[PDB]
2 protein chains.
Amino acid sequence: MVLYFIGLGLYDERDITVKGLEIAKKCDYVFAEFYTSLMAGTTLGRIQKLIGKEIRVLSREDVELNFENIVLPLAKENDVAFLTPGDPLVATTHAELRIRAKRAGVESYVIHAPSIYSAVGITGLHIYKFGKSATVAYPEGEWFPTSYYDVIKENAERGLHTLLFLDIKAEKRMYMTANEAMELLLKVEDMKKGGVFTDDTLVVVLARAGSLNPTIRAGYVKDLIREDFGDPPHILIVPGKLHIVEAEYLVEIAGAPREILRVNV
Amino acid sequence: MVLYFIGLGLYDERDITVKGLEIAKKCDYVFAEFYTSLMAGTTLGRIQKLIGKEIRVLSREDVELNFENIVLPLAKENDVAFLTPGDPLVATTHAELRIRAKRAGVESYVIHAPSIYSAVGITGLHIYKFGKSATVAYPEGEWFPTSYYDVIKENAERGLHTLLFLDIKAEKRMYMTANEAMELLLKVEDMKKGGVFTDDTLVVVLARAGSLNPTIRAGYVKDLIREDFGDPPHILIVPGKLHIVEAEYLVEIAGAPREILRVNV
Ligand SMILES: Nc1ncnc2c1ncn2[C@@H]1O[C@H](CSCC[C@H](N)C(=O)O)[C@@H](O)[C@H]1O
């Protein structure tokens with residue numbers, strides 16, 4: 001009679017909360033989805049071993065089209081868990097699944113976990129200064145999406161930071177790198193000429209948040225565009241005007257050039 | 001030797017991540033602060049029992065003025081952990097403490113935990129649509145803080161949602177309720193008259209996120225301003241223009257007036 005939406009956290013199998021783990025262990029059936037994002041620091045096998053339960057992974061179609069036929073039926077007479085990377089309901093489509101549960105007469109509860117949306121706090125940038133967020137999508141064919149460029153423009157204009165989620169091919173396990181994202185942004189700039197993203201733009205790269213050894217780097221595009229930030233996943237942030245304390249953290253912790261203390265504050 | 005900044009999560013002792021718990025259990029000394037937020041579903045005793053270590057609680061003064069005298073010295077010859085509610089670097093000034101750690105020759109690591117900043121996804125509002133955040137501070141003496149009003153104004157004009165962290169005076173055991181925040185906002189509106197926060201404004205209240213049954217309510221200020229949302233902590237959200245799916249969730253899950261389904265495109 002109960003469905004639990006449980007977040008797996010940021011990077012590996014230990015990023016689930018104690019609450020999430022204990023609840024998952026007591027569930028009769030455990031499902032999971034790895035299409036909104038992936039858990040790069042672990043494997044389904046390691047997650048299954050930790051939870052001590054077999055996990056049925058669902059595709060995007062299984063969820064969007066058949067959630068009420070695959071998951072909810074079992075939730076009617078059993079305790080069922082639905083695992084998702086990060087924090088449940090951060091992904092935009094997740095929320096509506098609770099409505100489906102309600103329609104099916106199934107109670108649902110949410111067990112939170114760390115999300116990249118909040119983990120960016122480790123960049124030293126003040127959380128309240130982050131504005132609207134966006135996703136940098138790979139262009140393909142004659143389709144060249146550029147809405148994320150306008151998001152940066154509008155946030156930066158108001159002195160706000162922009163969190164950019166990077167594209168991912170869940171099935172093919174292909175992750176867009178911060179390097180690729182920077183190249184794309186320079187390409188959009190060359191097309192729009194808005195003076196929003198150039199070689200002189202200060203950026204912050206956060207790779208493998210959740211890991212004990214994430215890569216946190218800050219610097220100008222001209223210097224970071226070909227830098228190796230390590231294995232995925234990567235997150236790109238375009239800061240707005242910096243508070244001196246934010247800048248000092250970027251210099252001391254993220255190896256940012258001293259120049260940012262006079263140019264971006 | 002090492003210093004770990006470990007988040008404890010949203011509501012109770014089990015909101016810590018498995019990673020955080022396994023590391024905390026092996027540390028030589030464990031410190032913590034409980035003034036940046038309120039964990040309404042646990043006690044110091046329960047946290048100590050879970051980690052199996054005595055926790056020395058520090059006051060705001062101990063941390064801001066003496067972190068380098070109380071915590072860092074021990075981290076030079078031992079494994080030390082510093083615990084905080086929610087995520088340690090979200091809506092706190094703790095990031096700067098990593099700079100102090102470095103200057104003292106102490107390596108630091110960060111272990112994330114669920115944060116209210118991302119938990120608001122449970123309201124059904126799209127996380128990417130949240131703009132700049134703000135804090136509603138208690139007026140004191142003859143000074144009445146009003147910056148948060150301008151934040152809502154700026155976000156709303158852009159169709160973005162506004163997360164409003166509410167004030168806390170941990171030593172006085174004072175936790176601002178959503179009701180008190182609404183009363184303050186109405187007073188600022190009477191002054192600035194920007195049509196930003198009125199009795200007809202739609203708002204969302206999230207209380208005790210992290211618990212299994214948090215209070216999630218949406219409706220007009222005139223109807224919610226005197227409603228009992230239960231024990232603290234509370235956060236107030238002023239949505240911008242809603243997507244149909246957001247409206248549907250607010251109606252189905254947060255009890256919002258069915259009339260909000262009819263969005264004005
Ligand atoms: N479980 C919870 N439910 C509702 N609001 C919460 C909350 N935890 C924190 N808050 C809100 O956030 C304020 C503290 S701000 C510190 C936040 C913390 N670092 C985190 O990551 O969550 C509180 O005064 C309250 O308004």
Side-chain angles (χ1 to χ4, degrees), chain A residues 7 9-10 17 19 87 90 110-122 126-128 130 209, chain B residues 5-17 20 32-42 60 63 82-97 110-123 125 130 133-138 148 162-182 184-185 203-217 229-238 254:
Chain A
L10 300 165
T17 64
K19 176 178 293 171
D87 192 11
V90 169
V110 180
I111 310 303
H112 297 282
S115 169
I116 187 60
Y117 184 66
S118 52
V120 291
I122 196 174
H126 302 323
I127 285 297
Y128 83 93
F130 279 79
Chain B
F5 287 82
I6 307 177
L8 297 181
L10 306 160
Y11 185 71
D12 59 62
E13 76 285 349
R14 290 199 308 168
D15 286 322
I16 188 174
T17 60
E33 62 87 359
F34 292 104
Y35 63 78
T36 55
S37 187
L38 177 68
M39 294 188 71
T42 188
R60 184 180 285 280
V63 177
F82 177 53
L83 316 175
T84 75
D87 179 294
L89 308 178
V90 174
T92 77
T93 53
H94 290 334
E96 179 273 319
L97 299 177
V110 177
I111 307 300
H112 302 279
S115 169
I116 188 62
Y117 182 65
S118 63
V120 293
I122 196 174
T123 63
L125 295 173
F130 277 77
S133 298
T135 298
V136 179
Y138 274 126
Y148 51 83
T162 302
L163 172 60
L164 295 169
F165 292 97
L166 305 186
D167 215 354
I168 174 178
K169 300 293 184 176
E171 282 179 50
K172 300 184 178 183
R173 294 186 181 180
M174 293 183 69
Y175 313 109
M176 181 182 285
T177 63
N179 310 80
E180 298 180 308
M182 290 185 241
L184 290 172
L185 278 162
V203 297
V204 180
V205 177
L206 175 56
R208 303 177 309 289
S211 69
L212 279 292
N213 289 295
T215 295
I216 312 175
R217 287 280 298 114
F229 301 112
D231 291 347
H234 295 181
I235 53 155
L236 180 67
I237 296 168
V238 178

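Note on naming: letters A, B, ... go to the chains in the order of the sequence lines (proteins, then strands), and numbering restarts at 1 for each one. When a ligand or atom number is given, it counts from 1 through the structure's own listing order.
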Checklist line | side-chain hydrogen bond (donor to acceptor under 3.5 Å, both in side chains) contacts touching residues 171-181 of chain B (sequence neighbours left out) | finding: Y138(B)-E180(B)

Item checked: Under the side-chain contact (heavy atoms from CB on, under 4.5 Å) test, residues paired with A181(B) that sit two or more places apart -> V136(B), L166(B), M176(B), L236(B)

Check: Taking only residues two or more places apart in sequence or in another chain, which ones pass side-chain contact (heavy atoms from CB on, under 4.5 Å) with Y128(A)?
Finding: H126(A), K132(B), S133(B)

Checklist line | Test item: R208(B) side-chain N/O and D231(B) main-chain N/O as donor-acceptor pair under 3.5 Å | finding: yes

Note to self: Can a side-chain donor-acceptor contact be found between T84(B) and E33(B) if the only test is distance below 3.5 angstrom?
What the structure shows: no

Notebook entry, point to check: What is the ring orientation for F229(B) with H234(B), classed by angle as parallel under 30°, tilted 30 to 60°, or perpendicular over 60°?
Noted result: perpendicular

Margin query: Heavy-atom contacts with ligand 1 below 4.0 Å: which residues, ordered by chain and residue number?
Written below: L10(B), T36(B), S37(B), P85(B), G86(B), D87(B), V90(B), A91(B), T92(B), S115(B), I116(B), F165(B), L166(B), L206(B), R208(B), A209(B), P233(B), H234(B), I235(B)

